[PDB]
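Q:
Chains as they are written, first to last, in our numbering: chain A, 1372 to 1399; chain B, 1344 to 1558; chain C, 36 to 56; chain D, 98 to 308.
1. Let me check understanding here. Comparing Cα to Cα, which of D:283, D:174 and D:269 lies closest to residue 118 of chain D?
2. For residue 1528 of chain B, I'd like the list of residues in its chain whose CB is within less than 7 Å of its CB, leaving aside the five on either flank, ordered along the chain.
3. Per DSSP, what kind of secondary structure is residue 1376 of chain A in: helix, strand or coil?
4. Just reading off the alpha helix (DSSP H) that residue 41 of chain C is part of, what are its end residues?
5. At a CB-CB cut-off below 7 Å, which residues of chain A make contact with residue 188 of chain D?
6. Name the chain A residues that come within less than 7 Å of residue 127 of chain D, Cβ to Cβ?
7. Mind checking if residue 1481 of chain B is an interface residue toward chain D, Cβ cutoff 8 Å exclusive?
8. For residue 1451 of chain B, return the contacting residues in chain D, with the cut-off set at a CB-CB distance below 8 Å.
9. From the DSSP output, in three-state form, read off residue 196 of chain D for me.
10. To the nearest angstrom, report how far apart residue 268 of chain D and residue 224 of chain D are at their CA atoms.
11. If you measure between the beta carbons of residue 1589 of chain B and residue 1379 of chain B, is that distance less than 8 Å?
12. Given that a residue counts as buried once 16 or more other Cβ atoms are within 10 Å of its Cβ, and exposed if not, what is residue 128 of chain D?
13. Let me know if residue 1396 of chain A comes out buried or exposed under the rule of 16 or more other beta-carbons within 10 Å of its beta-carbon.
14. Quick one: residues in its chain with C-beta nearer than 7 Å to the C-beta of residue 248 of chain D, no 5 flanking neighbours on either side, listed in chain order?
15. Counting along the chain, where does the alpha helix (DSSP H) carrying residue 51 of chain C start and finish?
16. With distances taken Cα to Cα, identify the nearest neighbour of residue 170 of chain D among D:121, D:240 and D:116.
17. Looking at the secondary structure, which residues open and close the beta strand (DSSP E) in which residue 210 of chain D lies?
18. Relative to the C-alpha of residue 1437 of chain B, which residue among D:202, D:138 and D:255 is closest?
19. Consult DSSP for residue 1543 of chain B and reduce its assignment to one of helix, strand or coil.
20. Quick one: which chain B residues come within Cβ less than 7 Å of residue 256 of chain D?
21. For residue 1382 of chain A, which residues from the same chain have a beta carbon less than 7 Å from its beta carbon, with the 5 sequence-adjacent residues on both sides left out?
Take a look at the structure:
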């Protein structure tokens, strides 16, 4: 994940890895 | 070439624990999540969780959280999943996998799966019973009460290959049972011999059962 | 949006903390 | 939490036909994946992020959808596309899959060949009594079976098993086994296996009497 473009679901993977069970948002 | 290699088939008793391994190669192990999935049957796929091998930080599906623990050994490029309190409901194939490569990847990667059978049974050889009728005639072979899977059923040692159906096993009284049918012209049976051959490699079984007319 | 930003350029995991609930 | 519902759970097509499978989400999904799987094989990625073609998969496949409705399409069916197809949302966690859509091959209707077999003397000597009924080489897959003991229906002790679509003639086959104790079996005389299939308004009845 480090020093990578995060396109599509890759961003969702990254947000889960950072926010865990707190949830996260990325749209709209 | 990216590959994920999983540990071999496993059979354990209820309540026991199990650690399944997933070995990765062909890429920087530390850069990608390893995902774990369970396939209970041909119409079910479930995500168990994911682990970040850089630091071992895991994310769990709450349904599997209580009984699943994900770890990583970066020095061996290997991921592990531990299952506790196992019950028959946990019997399944378990997959590890890795997402497509960042930016412009178009191919993900899956391991070959590890089969888990959670049962209290002991290795048991099958009972082989002939199915005889009460132009083309259908005969059968009943393989009952064996364990574990699999069994291999043939007819006349392989010379009767066409016109035979061997059906998937079913769990009966905590053992396995299947049947096989073979269809041959009436001018060949019982004027000539028809025999089903059943092999149970686990118990080193190789039984032959002749189909005879019942009078 | 963050979707476009993190695909076109590099977002650090540090920055993503601002999108946690 | 996000529930995916794929319909139809079962559909048939012949080479040359256009196939569309749908995946309905219980809530908004931003990225939908699609996988193919045949018996004995790992799930094979077809579509990533809703509409992107995975590597090594033919250009007859296409993914689409938005919000809560998504689709996978095969512009022209080929025989080797017979398989089950799963949708998977990668929008919110936990990641979830649909129950899959079984895509089977079409062929002419075929009536089952029904054969009933009494328990072998060997098994009776052992203490058990299994009555076996074979329903072979029929199509379509939908078939109903009824066991009757002395003209009376019976449901308990029946175990059914189905083969996968034959790779040569595309038919299906089924086995039905009625397991009674030796005592119950010897208490009755007539045993019947009745198969109901769309290829006939009358069921195919096979039976025997212990003698």
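From the three backbone atoms N, C-alpha and C, an ideal C-beta is built for every residue, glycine too.
A: A quick look at the data gives this:
1. To locate residue 118 of chain D, count along the fourth chain from 1; it is residue 21. It is D:174.
2. Residue numbering aside, residue 1528 of chain B sits at position 185 when the second chain is read from its first letter. Cβ within range, chain order: 1478 and 1479.
3. Counting from one through the first chain, the residue named residue 1376 of chain A turns up at place 5. DSSP places residue 1376 of chain A outside both helix and strand once states are collapsed to three, so it counts as coil.
4. On the third chain, residue 41 of chain C is found 6 positions in, with the first residue counted as 1. Element bounds for residue 41 of chain C: 37-43.
5. In the fourth chain, counting from the first residue as 1, residue 188 of chain D sits at position 91. Within chain A, the C-beta atoms nearer than 7 Å to that of residue 188 of chain D come from 1383, in chain order.
6. Along the fourth chain, read from residue 1 onward, the residue named residue 127 of chain D stands at position 30. Near residue 127 of chain D (Cβ distances below 7 Å), the residues of chain A are 1398.
7. Your numbering for residue 1481 of chain B matches position 138 in the second chain. Cβ-Cβ to chain D under 8 Å: yes for residue 1481 of chain B.
8. Your numbering for residue 1451 of chain B matches position 108 in the second chain. What residue 1451 of chain B touches in chain D: 142, 145 and 151.
9. The count along the fourth chain starts at 1 and reaches residue 196 of chain D at position 99. DSSP places residue 196 of chain D in coil when its eight states are reduced to three.
10. To locate residue 268 of chain D, count along the fourth chain from 1; it is residue 171. To locate residue 224 of chain D, count along the fourth chain from 1; it is residue 127. Spanning the alpha carbons of residue 268 of chain D and residue 224 of chain D requires a straight line of approximately 36 Å.
11. Any answer about residue 1589 of chain B is impossible in this case: the structure gives chain B only from 1344 up to 1558.
12. If you number the fourth chain from 1, residue 128 of chain D lands on position 31. By the 10 Å Cβ count, residue 128 of chain D comes out buried.
13. Looking up residue 1396 of chain A in the first chain gives position 25. The residue is exposed, with fewer than 16 neighbouring Cβ atoms inside 10 Å.
14. Position 151 of the fourth chain, counted from the start, is the residue given in the question as residue 248 of chain D. The answer, listed in chain order, is 287.
15. The residue you call residue 51 of chain C lines up with position 16 of the third chain. In the DSSP assignment, residue 51 of chain C falls within the alpha helix (DSSP H) that extends over 48-51.
16. Along the fourth chain, read from residue 1 onward, the residue named residue 170 of chain D stands at position 73. Each of D:121, D:240 and D:116 was checked against the Cα of residue 170 of chain D, and the nearest Cα belongs to D:116.
17. The count along the fourth chain starts at 1 and reaches residue 210 of chain D at position 113. Start and end: 210-214.
18. For the purposes of this step, residue 1437 of chain B is taken as residue 94 along the second chain, with counting starting at 1. Looking at the Cα atoms, D:138 is the closest of the given residues.
19. For the purposes of this step, residue 1543 of chain B is taken as residue 200 along the second chain, with counting starting at 1. Residue state, collapsed to three classes: strand.
20. As a position in the fourth chain, residue 256 of chain D is number 159, starting the count at 1. In chain order: 1513 and 1515.
21. Here residue 1382 of chain A refers to the residue found at position 11 when the first chain is read from its first residue. The beta carbon of residue 1382 of chain A sits closer than 7 Å to the beta carbons of 1397 from its chain, once the five residues preceding and following it are set aside; these are given in chain order.
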